[PDB]
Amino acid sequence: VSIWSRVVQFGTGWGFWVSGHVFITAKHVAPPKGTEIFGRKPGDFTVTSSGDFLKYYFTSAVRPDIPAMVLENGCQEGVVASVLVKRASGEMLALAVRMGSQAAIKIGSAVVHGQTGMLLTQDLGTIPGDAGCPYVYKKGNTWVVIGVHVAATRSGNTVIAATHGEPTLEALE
């Protein structure tokens, strides 16, 4: 699809334009908080994190050309999604992954929640440094994004996606 263009190198990893204003990535690849990014200084944007999910909101659209997509909080187990892996070479691998159940993890010093998935099918699969690449699927007749890649199991086909879910309560003052 044209979409592959949304995926871009970022810090020590990758990230994704959900909308003109919204850029998501894996928190551990991101450059330190308050770094000048895409030629914007802090204050041009607002960053919300959620585990190892990291969302930048830009007051002014940074990618004006691009439509919004729906950003779900993970998806149902058994749904077949697809990871959009770009490699530094520019090579583009659509990896199919059947999504699984939730699962905690440690990124160093910090336990973080994710949805696991089991890569469907040699060379193949993921590497560290794919972190950030998105997981997306076709819900009925259109496409949504459900999380970002964080890591893959030493053993075989299992991968973890970080997810972002909207807050449901609020504290006062």
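In case it trips you up, residue 1 is the first one in the sequence shown, and so on.
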Per the entry, how many deposited residues between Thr142 and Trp143 lack coordinates? The answer is none
Can you tell me which stretch has the higher mean Cα B-factor, 23-31 or 105-113?
105-113
Read off the CA B-factors in the entry, average them over 151-159 and over 12-20, and name the higher stretch.
151-159
Candidate residues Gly129, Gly51, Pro134, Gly43, the one whose C-alpha B factor the record puts highest:
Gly43
Chain thirds by Cα B factor, record data; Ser89 belongs to the highest
What third of its chain, lowest, middle or highest, does the C-alpha temperature factor of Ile146 fall into?
lowest
